[PDB]
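Quick notes on the structure that follows.
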Amino acid sequence: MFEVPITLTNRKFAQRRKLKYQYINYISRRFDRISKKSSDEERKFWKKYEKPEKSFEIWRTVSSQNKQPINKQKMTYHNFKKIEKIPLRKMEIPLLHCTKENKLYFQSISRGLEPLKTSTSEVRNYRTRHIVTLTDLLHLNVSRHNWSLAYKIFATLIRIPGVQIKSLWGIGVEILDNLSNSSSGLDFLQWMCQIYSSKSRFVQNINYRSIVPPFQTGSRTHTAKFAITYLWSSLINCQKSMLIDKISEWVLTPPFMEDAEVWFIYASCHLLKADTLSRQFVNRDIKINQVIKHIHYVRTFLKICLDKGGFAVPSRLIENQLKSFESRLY
Amino acid sequence: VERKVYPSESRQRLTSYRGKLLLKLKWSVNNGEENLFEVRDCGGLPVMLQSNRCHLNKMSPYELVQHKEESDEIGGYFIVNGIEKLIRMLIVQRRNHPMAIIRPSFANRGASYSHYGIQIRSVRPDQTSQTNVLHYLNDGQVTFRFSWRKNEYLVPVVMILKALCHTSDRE
Amino acid sequence: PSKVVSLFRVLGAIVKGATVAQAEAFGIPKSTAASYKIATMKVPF
Amino acid sequence: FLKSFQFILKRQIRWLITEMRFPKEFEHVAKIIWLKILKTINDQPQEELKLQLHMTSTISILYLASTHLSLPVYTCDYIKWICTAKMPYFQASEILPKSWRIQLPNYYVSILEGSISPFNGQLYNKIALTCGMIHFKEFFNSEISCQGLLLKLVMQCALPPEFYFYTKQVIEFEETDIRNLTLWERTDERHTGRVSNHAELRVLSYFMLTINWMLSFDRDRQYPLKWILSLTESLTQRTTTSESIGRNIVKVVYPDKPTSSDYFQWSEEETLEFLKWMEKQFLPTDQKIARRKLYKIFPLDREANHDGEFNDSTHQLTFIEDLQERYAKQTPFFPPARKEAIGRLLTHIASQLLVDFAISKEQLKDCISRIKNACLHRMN
Amino acid sequence: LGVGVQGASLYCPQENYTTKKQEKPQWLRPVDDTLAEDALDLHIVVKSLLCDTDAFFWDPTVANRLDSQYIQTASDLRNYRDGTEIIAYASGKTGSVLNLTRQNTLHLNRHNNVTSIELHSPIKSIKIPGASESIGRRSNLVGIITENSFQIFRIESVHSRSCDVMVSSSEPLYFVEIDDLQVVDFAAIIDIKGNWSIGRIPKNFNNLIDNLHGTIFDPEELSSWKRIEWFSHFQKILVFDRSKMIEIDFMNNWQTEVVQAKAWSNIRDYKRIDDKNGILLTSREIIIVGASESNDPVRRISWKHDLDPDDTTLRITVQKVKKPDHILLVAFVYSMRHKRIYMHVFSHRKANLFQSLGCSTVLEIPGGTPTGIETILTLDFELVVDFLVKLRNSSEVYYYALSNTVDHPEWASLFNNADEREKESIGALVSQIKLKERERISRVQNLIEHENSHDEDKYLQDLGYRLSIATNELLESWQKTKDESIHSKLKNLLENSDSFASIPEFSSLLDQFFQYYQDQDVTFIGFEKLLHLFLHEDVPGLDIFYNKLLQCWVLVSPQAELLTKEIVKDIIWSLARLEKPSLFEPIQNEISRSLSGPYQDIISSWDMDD
Amino acid sequence: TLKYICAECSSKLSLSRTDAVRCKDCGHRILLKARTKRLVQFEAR
DNA sequence: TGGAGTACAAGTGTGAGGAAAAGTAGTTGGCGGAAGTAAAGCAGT
Ligand SMILES: [Zn+2]
């Protein structure tokens, strides 16, 4: 039922998507000239679209200048019957070269119809066949709040040769939610961002299998989700353990000169320092002009957070938290 | 796995002690209608020890021993190919103050130059300097001298004094 | 086999696979006609 | 290939004698079967000979060496011994040769590791090829010990032992020369006999028609309807024996049939012993510092208070002991709604029997129909 | 308001964590993580029954075949009475017949008379719109979709003296343009495959396509799934496929693509939450609760949870739970291939502050897989929730109230033929064991009364005398006919072979028979160290093999003894493969067959290397 | 048994041929040679 | 009593289908002007 972290390849699925996106090219390029009058077959297909690499879907905000008038000239059966004839007469030749199941799969998807059989359901390799069991048992026992048993499943799941980054870091709440003889959870997140923190440019030209960016890769212009989770989890733990200078020096070491979220937590690391240093327990020389740095850091790092892209902070309340730290100072 | 390289490794290896230089550009075509921002690796420049960028910055005499250094490690030098060079301090002219030197090497320059002159050394806020010498001719004529590329140019002074702001000849 | 096909690429022949027309009278099955290449040429160059 | 396929055949037999209490002459019987196999390889013209061998072949010649020795072990007790990763059938290439592995080609080193277990009667048809290249007929006693078969099938679903002799009279009535469910041979062609010619396959269909007729045609009011509601409810039940948990493994391996996503219906303690079986899968099946560091942060045992040193007196009960609960559950012994619940017991004993013999239902819907419409033909 | 959004997107997925903190120094959990805190929440069914009546693919155009809502008619407009719960589903021969009130659980009414109105086409979509809370009432009109036409119905003036549901209709609009329509929504406003239209819905049933429309037709989205909803009542529609979400205001000339879902996900379902701002979306791999914007109602993107299943036939149903401080949202993803549900809990609060709690899943009835699940509004910390399901290959609509605190007909349709000729011909063998078991219940009973006597010891002394004679005749024939270079029965006797049942006396016979042959030419297999394949454990002795089989059939047997006493004999008279030739046999034949191979295969025929 | 010493974690390390010069506990490249029991002689002057 | 035939069930001909380790390819990152005192033949008006 759940997703499996397997780079599973089979020839019959390598055919039927090469069979599909080939036909998609011709029926589009047919529409690319009938709309005018009025080389792997997949990579050439993905040279039209931009892969999102921050999200699953490339969302575009609508209250903007992406506005467009409606094409009211609709598509009827008279136009649709002729725009698919010359592709299908040009598609009829490799349909005999594929298998009988692929030839019936393509005729099914030519008119709608969605496959009712999953590409993972007949792997039958006895190793992958146990991964499919051990992942569906993994998410099920995480769901049942059964942590001492789900720890045993994930310990045996990461040792089978072929498992991936998918199941690895996502369900590593099993260390943090355990708290019996835990590894504190945060040390596993440090493990992830040591060996998977890449600085490669996201190449976007190769067809991707078995890695999909928005939760497991870490390229430039996308700080990885386990990287920013390592930031927030080591800040909440940093507050619950009252070391703040370790993280504030640790976040100091990468300038991520692209995003805004690591600037806000680098702002928020000083704001937690300005909270704790401004107690002063009097009932007075260096403790005043120490805090006035941290007040200044927050007003700049939040300002440079706004300089970057979309990360809508409450930039009004956070100013009103620093003013209350100066009323403690006066 | 990325790790921190300490300068004791670069002494054993007989290599440099280089920190990575990152340099983000701007590709504004047509007055900034299409901006392209790319952080680019520009090689590793070598890094002075016990600076901001060395890994021995805020570090105890105990911890310098645990990282294979002298307990009172001084810093201030660069490790380049194991050889341990440093930048020599120089004496230069005081900044931003017009000195009033007389020099026989000024009459060597052109005809009717006296030995007199006012030499100023102006430095920018990025510590880059510029010298502007102000020569006295034997005609009542005063010239402004500067070296731009490696050449040396000689414009008259009331050309500049009328170019800086809107002036009368009584101001 | 692919050590042999790389020798013809200097010559300039478009070494592609066979057809179902080129399958029956050559002793090879019709389904496995992908690993079985036929190299022709083009007459101008 | 033959030097390593024999080397893995050696490691399967050496497992059996050392651990499963097999007699030492079992290896001696197996070599003549292996050596005549090589003579069939020898007879073929060496240029483009294409010898047919598969990890199913090292099971088939192991089965013939155990039914010439006339043992009660079967492919019911072979597919349970390989899906539980006991004898080196799966990933046999990865562990065993260690020097021939590097030189072997990419296809020959993929045929040795048994990636997919035998299905839809794949293991029967390899015996048919094996009984056709070498003659297991006319040299060896091709007589399946069908008395040691049904005693497992009696104790499998906790039926009364009367059905052991209710079955054999049905077998004796519909049989060739009364006894001798003879094992079939196929030297013929790439045509898989749909006659249910396999002798082991014939005994199952007799066991199906027996358990139907002895309960359906009960004029003697001996087997009541509420006993079926104390048996079908009793058989459709999960327990933690090593036969039950081992049967759960074989449900996992086969994706085609239903009752393969049966792990949703598992329990607490039945899951833990699956994970203790998982320490018998990895042992068959410069940037190693990254995995060494992660295996420190995920130690494979429990974090503390494990079940190794001081655990219990008993947790797991054995196959002799759950039947002492099953037969003590169906304690009462002394029509439209009667034949409805006879369909509740029959489809469940059928489903539990397909997973032990690696055949589909269409492999068994034929095997009922070739038996049922040959058995009424005795009277007419 | 939190801190961590993108503006374009917003996350709270499976167990990494949220990404926000205000640092509110207030001693009251000084963090506003997007995960609220509580204890567990497990869900238990309360089963009821409400009503009743290529293969590797499925067609996306079918949407629903059942519907249910608290409905309000014009009789409830005028009169003070309010609140009538109904149900409307498709059933019959081809499923072309279209047709109440909750007493204490949702049950069919007393009069049990469904208004089985007829359409001459199978029904593909049954839906009611539901009404806005800013309209005052609940609407009473149901739109339906066939393979051939489009009809609109209207529920009109149900009674209380008969509780009969009399309806009206509209003239069914057929396919003027011939393409299959997909989804209607009201809030005749339709979306055909690639193109849509606004419908002029009439009041008159005693007796159309408006002239403003549009299209979204993508040449390369090969699937046939489209979907439309009015977005927050502003005469703005959202036009879907499995690849993008197109917002269209049909009041103006304006169209904007928001979702683009081609690269790593696709759009599965979109159920409009009656919260006119907060409305849920289901892609593959993620559940998105993208709401409406406060100021300019175009599209807001709110806190989304990723979806660990991956499938091609996923659907969702959403039910609001209205509470004092907040509003919960339970979101039920299901699939047509399996029975399991997967639900997640979002909490809408006052200032557009969403949260998330955790994830859970429940099971269903072991026959069928769900194709329609439908919630009940229930007229309005121990959460209760109620809904009703409709499975595949079953037309039995059940009823489930989740609270916080396997016969196949192929086995049925095989046996019991309709031949009165062979009605007793099968019973002739059934009557044969009516004679033969009584023949054998006393033939073994003859051996029961003979207990350690000498007349049966005479039978085994003769058996120990008759074993050796026919064996030694055979042992020499293997020696006289030895040089063949090319079998063990112990059943050559024919007298009775069935006239002794006393196992410890019988155990010393075959041990003496092993003692009788100490020299060569004959070897024997074991019995106590090999019989463990039936019991899967230690077997010390063959005499206590019976002990765990006597204690295996104590209770379930008449007299419990003579059945087990002869199965043990049937094993030993089948496991008696005892006439193996000795060491002279295998060694000569292992080397003679190796002679038949060349020196090419001598090295390839070699054991014992490690 | 011939051994070396890692320059970082000070773990003793036998290094065969066709091995990269690395530590095998950490991954440190610089790797220093230990001294074994071997006779050298001096005058005590 | 007879033969029609239509089925049922058997038998023969023929290449298509699911599998994995090696290899290839496919695309990036990344590395090696404040110096004197003096002569001379050459220019200038
Ligand atoms: Zn080391």
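Counting neighbours? That spans all protein chains shown, and the Cβs are built from the backbone with ideal geometry, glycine included. Basis: the model, the stated rules and, where named, an outside source; no laboratory read-out is quoted.
Of everything in region E:277-290 that's under 12 Å from residue E:352 (Cα atoms) and surrounded by fewer than 23 Cβ atoms within 10 Å (Cβ to Cβ), which residue is nearest to the other protein chains (Cβ to nearest Cβ)? Explain how you work it out, then say what you get.
Kept after step one, since they are under 12 Å from residue E:352 (Cα atoms), are these residues of region E:277-290: E:277-278, E:289-290.
Within this subset, residues satisfying the condition of being surrounded by fewer than 23 Cβ atoms within 10 Å (Cβ to Cβ) are E:277-278, E:290.
Numbers: E:277: 15, E:278: 17, E:290: 9 Å.
It comes out as E:290.
Can you tell me which residue in region D:112-136 is farthest from the ligand (Cβ to nearest atom), limited to those that are closer than 24 Å to residue D:42 by Cβ and not in a helix (DSSP H, G or I)? Steps first, answer last, please.
First, pick out the residues of region D:112-136 that are closer than 24 Å to residue D:42 by Cβ: D:112, D:125-136.
Filter again for not in a helix (DSSP H, G or I), leaving D:134-136.
Values: D:134: 58, D:135: 64, D:136: 60 Å.
Among those that are closer than 24 Å to residue D:42 by Cβ and not in a helix (DSSP H, G or I), it is D:135.
Restrict the check to region E:524-539 and report whether at least one residue is over 25 Å from residue D:319 (Cα atoms) and more than 7 Å from chain D (Cβ to nearest Cβ).
yes
Among the residues of region A:6-20, write down those that are within 29 Å of residue A:167 (Cβ to Cβ) and surrounded by 18 or more Cβ atoms within 10 Å (Cβ to Cβ). Before the answer, list the steps.
So the first thing to find is which residues in region A:6-20 are within 29 Å of residue A:167 (Cβ to Cβ), and the list is A:6-18, A:20.
Those that are within 29 Å of residue A:167 (Cβ to Cβ) and surrounded by 18 or more Cβ atoms within 10 Å (Cβ to Cβ): A:6, A:15, A:16, A:20.
What single numbered condition from (1) under 27 Å from residue A:227 (Cβ atoms); (2) more than 22 Å from the chain's Cα centre (by Cα); (3) within 14 Å of chain E (Cβ to nearest Cβ); (4) hydrophobic (A, V, I, L, M, F, W, C) fails to hold for residue A:304?
That leaves (3) as the condition not met.
So is residue E:45 more than 11 Å from every other protein chain (Cβ to nearest Cβ), surrounded by 13 or more Cβ atoms within 10 Å (Cβ to Cβ) and over 30 Å from residue E:119 (Cα atoms) or not?
So residue E:45 passes the test.
Name the single residue that is surrounded by the fewest Cβ atoms within 10 Å (Cβ to Cβ) among those in region A:197-222 being within 23 Å of residue A:236 (Cβ to Cβ) and within 10 Å of another protein chain (Cβ to nearest Cβ).
A:197
Restricting attention to region F:29-45, report how many residues are away from the ligand (no atom under 12 Å from the Cβ) and of a type in the set (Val, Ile, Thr).
Initial filter on region F:29-45 (away from the ligand (no atom under 12 Å from the Cβ)): F:33-45.
Right, trim to of a type in the set (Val, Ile, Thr) and you get F:36, F:40.
Number of matching residues: 2.
Going through region D:176-187 one residue at a time, which ones are touching a helix residue (DSSP H, G or I) at 6+ places or on another chain (Cβ under 7 Å) and surrounded by 10 or more Cβ atoms within 10 Å (Cβ to Cβ)? Full working, then the answer.
Of all residues in region D:176-187, those touching a helix residue (DSSP H, G or I) at 6+ places or on another chain (Cβ under 7 Å) come to D:178, D:181-187.
Within region D:176-187, D:181, D:182, D:183, D:184, D:185, D:186, D:187 meet the criteria.
For the subset of region A:106-126 comprising residues that are outside any loop (DSSP other than H, G, I, E, B) and more than 8 Å from chain E (Cβ to nearest Cβ), which member is surrounded by the most Cβ atoms within 10 Å (Cβ to Cβ)? Explain how you work it out, then say what you get.
Filtering region A:106-126 for residues outside any loop (DSSP other than H, G, I, E, B) gives A:106-109, A:114-115.
Checking which are more than 8 Å from chain E (Cβ to nearest Cβ) leaves us with A:106-107.
Working: A:106: 20, A:107: 12.
Only one residue tops the list, namely A:106.
Can you name the number of the only condition in (1) in contact with a helix residue (DSSP H, G or I) (Cβ under 6 Å, 6 or more places away or on another chain); (2) of a type in the set (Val, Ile, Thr); (3) surrounded by fewer than 20 Cβ atoms within 10 Å (Cβ to Cβ) that residue A:142 fails?
If we test residue A:142 against (1) in contact with a helix residue (DSSP H, G or I) (Cβ under 6 Å, 6 or more places away or on another chain); (2) of a type in the set (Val, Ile, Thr); (3) surrounded by fewer than 20 Cβ atoms within 10 Å (Cβ to Cβ), just (3) comes out false.
Only residues that are surrounded by fewer than 19 Cβ atoms within 10 Å (Cβ to Cβ) and within 10 Å of chain E (Cβ to nearest Cβ): list them for region A:271-301, please.
A:276
If you take the residues of region E:339-367 that are surrounded by fewer than 17 Cβ atoms within 10 Å (Cβ to Cβ) and closer than 14 Å to residue E:389 by Cβ, which of them is farthest from the other protein chains (Cβ to nearest Cβ)?
E:365
Out of curiosity, is residue D:209 among the aliphatic types (A, V, I, L, M), within 16 Å of DNA strand G (Cβ to nearest atom) and either touching a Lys or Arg at 6+ places or on another chain (Cβ under 8 Å) or within 30 Å of residue D:60 (Cβ to Cβ) (or both)? Before you say what the answer is, go through the steps one by one.
Details: among the aliphatic types (A, V, I, L, M): yes; within 16 Å of DNA strand G (Cβ to nearest atom): no; either touching a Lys or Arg at 6+ places or on another chain (Cβ under 8 Å) or within 30 Å of residue D:60 (Cβ to Cβ) (or both): yes.
So residue D:209 fails the test.
Working only within region F:5-28, note down all residues that are under 20 Å from residue B:14 (Cα atoms) and more than 10 Å from the ligand (Cβ to nearest atom).
F:20, F:21
Scan region E:382-399 and give yes if some residue there is of a type in the set (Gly, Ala, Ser), away from chain D (no Cβ under 11 Å), more than 20 Å from the chain's Cα centre (by Cα) and over 30 Å from residue E:570 (Cα atoms), otherwise no.
Applying the first criterion (of a type in the set (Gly, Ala, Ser)) to region E:382-399 yields E:394-395.
Next, only the ones that are away from chain D (no Cβ under 11 Å) stay: E:394-395.
Next cut, more than 20 Å from the chain's Cα centre (by Cα) only: none.
Within region E:382-399 (the criterion being of a type in the set (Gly, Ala, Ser), away from chain D (no Cβ under 11 Å), more than 20 Å from the chain's Cα centre (by Cα) and over 30 Å from residue E:570 (Cα atoms)), the answer is no, since none of the residues qualifies.
Please specify each residue of region B:80-127 satisfying the condition of being over 25 Å from residue B:155 (Cα atoms) and either within 16 Å of the ligand (Cβ to nearest atom) or part of a strand (DSSP E or B) (or both).
B:80, B:83
Quick check: is even one residue across region A:38-48 within 11 Å of DNA strand G (Cβ to nearest atom), within 17 Å of residue A:87 (Cβ to Cβ) and surrounded by 12 or more Cβ atoms within 10 Å (Cβ to Cβ)?
yes
Regarding residue E:14, is this residue among the polar types (S, T, N, Q) and either more than 33 Å from the chain's Cα centre (by Cα) or part of a strand (DSSP E or B) (or both)?
Numbers: among the polar types (S, T, N, Q): yes; either more than 33 Å from the chain's Cα centre (by Cα) or part of a strand (DSSP E or B) (or both): no.
No, not satisfied.
Please identify the pairs in which a residue from region A:56-75 that is outside the structural domain of residue A:225 (by CATH) and under 21 Å from residue E:262 (Cβ atoms) has its Cβ atom under 8 Å from the Cβ atom of a residue that is of a type in the set (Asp, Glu) and part of a loop (DSSP other than H, G, I, E, B), counting only partners at least 6 apart or on another chain.
A:56/E:285; A:58/A:50
Considering E:90, E:63, E:39, which residue is more than 20 Å from residue E:388 (Cα to Cα) and not hydroxyl-bearing (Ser, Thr, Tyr)? Working first, answer last.
Numbers: E:90 fails: more than 20 Å from residue E:388 (Cα to Cα); E:63 fails: more than 20 Å from residue E:388 (Cα to Cα).
Step by step, each of E:90, E:63, E:39 is checked, and only E:39 is more than 20 Å from residue E:388 (Cα to Cα) and not hydroxyl-bearing (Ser, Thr, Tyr).
Restricting the search to region D:88-123, which residues are more than 9 Å from DNA strand G (Cβ to nearest atom) and in contact with a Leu (Cβ under 7 Å, 6 or more places away or on another chain)?
Correct list: D:88, D:92.
So how many residues does region D:98-111 have that are outside any loop (DSSP other than H, G, I, E, B) and under 26 Å from residue D:190 (Cα atoms)? Spell out how you get there, then give the answer.
Our first condition is that a residue be outside any loop (DSSP other than H, G, I, E, B); within region D:98-111, this holds for D:100-103, D:108-111.
Right, trim to under 26 Å from residue D:190 (Cα atoms) and you get D:108-111.
Matching residues across region D:98-111 total 4.
Of everything in region F:6-45 that's within 14 Å of chain B (Cβ to nearest Cβ) and more than 25 Å from residue D:291 (Cβ to Cβ), which residue is nearest to DNA strand G (Cβ to nearest atom)? I'd like the intermediate steps shown before the answer.
We begin by selecting, within region F:6-45, every residue within 14 Å of chain B (Cβ to nearest Cβ); these are F:6-10, F:21-23, F:25-33.
Of the ones still in play, those that are also more than 25 Å from residue D:291 (Cβ to Cβ) are F:32-33.
Details: F:32: 23, F:33: 25 Å.
Taking the candidates together, the pick is F:32.
With the structure loaded, tell me whether residue D:223 is of a type in the set (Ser, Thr, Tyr), under 27 Å from residue D:80 (Cβ atoms) and either crowded, with 17+ Cβ neighbours inside 10 Å or more than 16 Å from the chain's Cα centre (by Cα) (or both) or whether it fails that test.
Numbers: of a type in the set (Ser, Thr, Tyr): yes; under 27 Å from residue D:80 (Cβ atoms): no; either crowded, with 17+ Cβ neighbours inside 10 Å or more than 16 Å from the chain's Cα centre (by Cα) (or both): yes.
No.
This table checks each residue for (1) touching a helix residue (DSSP H, G or I) at 6+ places or on another chain (Cβ under 6 Å); (2) assigned to a loop (DSSP other than H, G, I, E, B); (3) within 10 Å of another protein chain (Cβ to nearest Cβ); (4) more than 23 Å from residue A:52 (Cβ to Cβ).
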residue: E:205; (1), (2), (3), (4): no, yes, no, yes
residue: E:210; (1), (2), (3), (4): no, no, no, yes
residue: E:219; (1), (2), (3), (4): yes, yes, yes, no
residue: E:224; (1), (2), (3), (4): no, yes, yes, yes
residue: E:228; (1), (2), (3), (4): no, no, no, yes
residue: E:245; (1), (2), (3), (4): no, no, yes, no
residue: E:256; (1), (2), (3), (4): no, no, yes, no
residue: E:259; (1), (2), (3), (4): no, no, yes, no
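Looking for something of a type in the set (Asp, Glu) and part of a strand (DSSP E or B) - is there at least one such residue anywhere in region E:136-147? Explain how you work it out, then say what you get.
As a first pass, look at region E:136-147 and keep what is of a type in the set (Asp, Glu): E:147.
In the following step, the residues that additionally are part of a strand (DSSP E or B) were identified as none.
Checked region E:136-147: no residue is of a type in the set (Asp, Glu) and part of a strand (DSSP E or B).
Looking at E:457, E:407 in this structure, which one is surrounded by 13 or more Cβ atoms within 10 Å (Cβ to Cβ) and in a helix (DSSP H, G or I)?
On the way: E:407 fails: in a helix (DSSP H, G or I).
Selected residue: E:457, the only one of E:457, E:407 that is surrounded by 13 or more Cβ atoms within 10 Å (Cβ to Cβ) and in a helix (DSSP H, G or I).
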